[PDB]
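First listed ligand is number 1; within each ligand, the first listed atom is number 1. Sequential numbering from 1 along the given sequence is applied to the chain's residues. FYI, side chains are in, hydrogens and waters are out, and symmetry mates aren't considered; it's all heavy atoms of this structure.
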Amino acid sequence: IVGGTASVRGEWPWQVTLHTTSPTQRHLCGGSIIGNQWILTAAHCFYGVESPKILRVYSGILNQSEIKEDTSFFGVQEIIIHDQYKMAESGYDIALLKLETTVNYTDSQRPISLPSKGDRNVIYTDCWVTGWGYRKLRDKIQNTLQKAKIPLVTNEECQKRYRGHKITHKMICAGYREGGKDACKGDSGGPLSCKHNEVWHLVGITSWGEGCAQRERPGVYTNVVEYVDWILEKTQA
Ligand SMILES: Nc1n[nH]c2cc(-c3[nH]c(CNC(=O)/C=C/c4cc(Cl)ccc4-n4cnnn4)nc3Cl)ccc12
């Protein structure tokens, strides 16, 4: 996260850190708890992941440094990537992780609601991007989960900033005209969380952008509301 601040313990309890363990253990991507056995994340996270066997999902983490050889984690039973996914910038950047067991929810590990039936035309004005990603293009994974408030932009404005890409209704963009706050490398797969009537909703999944926090280059997120039917089909199968 560029231009962000440190979170405190319990602040973003749906946020997970997805680790790979091959060839060494490290943070790969963010994700969001959406059910007791379900994480929603980005499809691009699994480029070069040989199988679910090497993945570990950690919940209830503020600092990457908390994770040691005895820290509990959830195994991944299945990775469900959207069947139309090819590359982040072309869309369908969405994946479900089915966990090997159920999360018992606690103050530190909580679900976030999907955008609700009947809310398709809500204007979200309180949206936040979170993660352990870089603070600039050439950086490192951060120890403490970072947060930044970022305004949504219209798809029409977003398309005008990305004339080399197809910005579709299945994407949502967020950024400041003058830049300075954004997601960056290592934030992908995590949430764009928006609060409406004091309830958090998973509005976006961090996906891609041109640079990080540049002027007139909003971050591009998977528009979760346009995948609710897909999510419900996969999580009810
Ligand atoms: N353990 C690790 N050390 N170093 C790492 C790097 C990565 C990593 N992830 C990605 C995937 N993209 C993203 O996370 C977010 C992109 C991104 C998203 C928005 Cl909304 C706006 C601008 C973005 N931009 C970021 N950079 N150019 N644009 N690329 C890299 Cl490289 C993952 C893990 C580690």
Please state which protein non-hydrogen atom is closest to atom 4 (N) of ligand 1 and give its distance, to 0.1 Å?
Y134 OH, 2.9 Å
Near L137, which atoms of ligand 1 are under 4.0 Å from a heavy atom of that residue?
26 (N), 27 (N)
Option with minimal heavy-atom separation from atom 14 (O) of ligand 1, where the choices are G186, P218, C173
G186
Below 4.0 angstrom from a heavy atom of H27, which ligand 1 atoms are there? Numbered from 1 as shown, please.
1 (N), 2 (C), 33 (C), 34 (C)
Considering the options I34, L202, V203, which one meets the side-chain contact (heavy atoms from CB on, under 4.5 Å) requirement together with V224?
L202
Can you tell whether the side chains of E157 and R161 come within less than 4.0 Å, N to carboxylate O?
yes
Taking atom types as modelled, find out whether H165 and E89 have a side-chain donor-acceptor pair closer than 3.5 angstrom.
no
Any atoms of ligand 1 less than 4.0 Å from a non-hydrogen atom of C212? List them with their elements.
24 (N), 25 (C), 26 (N), 27 (N), 28 (N)
Return the residue, atom name and 0.1 Å-rounded distance of the protein heavy atom closest to atom 22 (C) of ligand 1.
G211 O, 3.3 Å
Between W128 and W12, what is the ring plane arrangement, given parallel below 30°, perpendicular above 60°, and tilted in between?
tilted
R9 bridged to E66 by N-O distance under 4.0 Å
yes
For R26, atoms of ligand 1 separated by under 4.0 Å from a heavy atom:
1 (N), 2 (C), 33 (C), 34 (C)
What I'd like to find out is whether the side chain of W200 reaches to under 4.5 Å of the side chain of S113, using heavy atoms alone.
no
Distance only, no hydrogens: is a donor on one side chain within 3.5 Å (strictly under) of an acceptor on the other, for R56 and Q25?
yes
Please work out which of the three classes, parallel, tilted or perpendicular, describes the rings of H196 and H201, given edges at 30° and 60°.
tilted
Close-contact set for ligand 1 against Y221 heavy atoms, below 4.0 Å:
20 (Cl)
Just to confirm my output: which protein heavy-atom neighbour is closest to atom 23 (C) of ligand 1, and how far is it?
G209 N, 3.7 Å
Using a 4.0 Å cutoff against the non-hydrogen atoms of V220, which atoms of ligand 1 qualify?
20 (Cl)
Taking 4.0 Å as the limit for heavy-atom contacts, which would you say applies to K185 with ligand 1: side chain only, backbone only, both, or neither?
both
Going by the order shown, which atoms of ligand 1 are within less than 4.0 Å of some heavy atom of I141?
1 (N), 2 (C), 3 (N), 34 (C)
If you measure from each non-hydrogen atom of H44 to ligand 1, which part falls under 4.0 Å: side chain, backbone, both or neither?
side chain
Determine the interplanar angle of the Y92 and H82 rings, folded into 0 to 90°, and report it as parallel if under 30°, tilted if 30 to 60°, perpendicular if over 60°.
tilted
Between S188 and ligand 1, does any nitrogen or oxygen pair lie at a separation below 3.5 Å?
yes
Among all protein heavy atoms in this structure, tell me which lies nearest to atom 15 (C) of ligand 1, with the distance rounded to 0.1 Å.
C184 O, 3.4 Å
Pair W208 and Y162, ring centroids less than 6.0 Å apart
yes
Under a 4.0 angstrom heavy-atom cut-off, which atoms of ligand 1 come close to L28?
32 (C), 33 (C)
